[PDB]
Amino acid sequence: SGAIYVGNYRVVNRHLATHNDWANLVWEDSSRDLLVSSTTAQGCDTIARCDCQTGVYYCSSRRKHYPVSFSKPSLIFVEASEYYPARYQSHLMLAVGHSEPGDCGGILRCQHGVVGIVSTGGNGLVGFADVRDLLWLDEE
Ligand SMILES: NS(=O)(=O)c1cnc2cccnn12
Ligand SMILES: NS(=O)(=O)c1cnc2cccnn12
Ligand SMILES: [Zn+2]
């Protein structure tokens, strides 16, 4: 689990979005596993605007933050998970690291702020859904 809280926006994995998230929907993309909903109180997180390929992610299944190198956001084939079938996911970054289904929502962060959230796992890789292209998160 986990979300990004930026302004009056809540960024979550689409597959973990709640009824309240859908009832307060701003934007969702199944191909990216992202959903954004509205908040009443303002959030504590800042979005990275950058092309960093190094950062740190939170892994709930180790209760540890790991420094990782990660690929730039691409269209990647993902094998079947407890929450998705084998399919192609867009705006996905991969790193070598531990990721189980419950680790989805963990933040990846660089020196500029929040890069993305854990979205995929298996075979010793962790995949993160990028949010740095979503400039509209910073306003309105
Ligand atoms: N490496 S860690 O201390 O962050 C850790 C590993 N396993 C647990 C269980 C509870 C709390 N912390 N914890
Ligand atoms: N990725 S994070 O910095 O927001 C984080 C730190 N500790 C937890 C526990 C659950 C979800 N997320 N989380
Ligand atoms: Zn950065």
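Here we come to the site of ligand 1. Taken together, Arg62, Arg63 and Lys64 make up the full set of residues near ligand 1. One nitrogen or oxygen atom from the main chain of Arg63 is found 2.4 Å from an oxygen atom belonging to ligand 1. Within the side chain of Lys64, an N or O atom sits 2.7 Å from a nitrogen atom of ligand 1. In the complex, the protein chains occlude 34% of the 320 Å² of accessible area that ligand 1 would expose alone.

This part covers the coordination of the zinc ion (ligand 3). Taken together, the protein donors to the zinc ion (ligand 3) comprise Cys50 (SG), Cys52 (SG), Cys110 (SG) and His112 (ND1), at separations of 2.1 to 2.4 Å. Classification of the site at the zinc ion (ligand 3) rests on its four donor atoms, whose angles at the metal span 100 to 117 degrees, yielding the label tetrahedral. All donor residues of the zinc ion (ligand 3) come from one chain, and their arrangement in sequence is C-x1-C-x57-C-x1-H. You can call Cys50 partly exposed: its relative accessible area is 24%.

Let's shift gears to the domain arrangement of the chain. Domain boundaries in the chain define domain 1 (3–44) and domain 2 (45–140). Placing a centre on the C-alpha atoms of domain 1 and another on those of domain 2 gives a separation of 16 Å. With 21 residues of domain 1 in contact, the opposing surface of domain 2 contributes 26 residues. Summed over the three residues of domain 1 that lose the most area to domain 2, namely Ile4, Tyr9 and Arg32, the buried surface amounts to 34% of that side. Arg32 serves as the salt-bridge partner of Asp133, at 2.5 Å between the closest nitrogen and oxygen. At the boundary of domain 1 and domain 2, one finds eleven residue pairs in polar contact. Elements supplying a minimum of two residues to the side of domain 1 that touches domain 2: strand 1 (4–6), strand 2 (9–13), strand 3 (25–29) and strand 4 (34–38). At four residues, strand 2 tops the list of elements feeding residues into the side of domain 1 that touches domain 2. For the side of domain 1 that touches domain 2, the residue count by class is 13 nonpolar, five polar and three charged.

About the criteria used
- Note that residue numbers begin from 1 in each chain and follow the written sequence, not necessarily the entry's scheme, while residues that lack coordinates are absent from the view.
- Chain A is the first chain written and ligand 1 is the first ligand written, with later ones labelled in order.
- The side-chain figures draw on all heavy atoms in the structure; neither hydrogens nor water molecules are used.
- One heavy atom suffices: a residue is near a molecule or strand as soon as one of its heavy atoms comes within 4 Å of it.
- We define a polar contact as two N or O atoms separated by no more than 3.5 Å, with the added condition that, inside protein, one atom must be a possible hydrogen donor and the other a possible acceptor, whereas residues neighbouring each other in sequence contribute only through side-chain atom pairs.
- Calculation of accessible area relied on Shrake-Rupley with a 1.4 Å probe; when residues are assessed, cover is drawn exclusively from the protein chains displayed.
- Listed donor atoms are N, O and S within 2.8 Å of the metal (Na, K and Ca: 3.2 Å). As water is not included, a site may look incomplete.
- In this scheme the shape depends on donor count and angles: four donors with every angle between 85 and 135 degrees give tetrahedral, four or six donors with opposite pairs above 155 degrees and others between 65 and 115 give square planar or octahedral in turn, and any other case is irregular.
- To sort residues, take the accessible area from a 1.4 Å probe on protein chains only and compare it with the maximum for the residue type: under 20% means buried, over 50% means exposed, and anything in between is partly exposed.
- These domain boundaries are the output of an automatic or database domain assignment.
- Contacts between residues were defined by any pair of non-hydrogen atoms, one from each residue, lying within 4.5 Å.
- Using a 1.4 Å probe, buried area is obtained as the accessible area two parts lose upon being combined, added over both of them.
- Should a side-chain nitrogen of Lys or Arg be within 4 Å of a carboxyl oxygen of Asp or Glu, the pair is scored as a salt bridge.
- The helix and strand labels rest on DSSP assignments: H or I over at least four residues marks a helix, E over at least two residues marks a strand, and numbering proceeds from the N terminus.
- By the convention adopted, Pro, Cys, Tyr, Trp, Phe, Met, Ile, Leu, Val and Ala count as nonpolar, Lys, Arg, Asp and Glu as charged, and the other residues, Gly among them, as polar.

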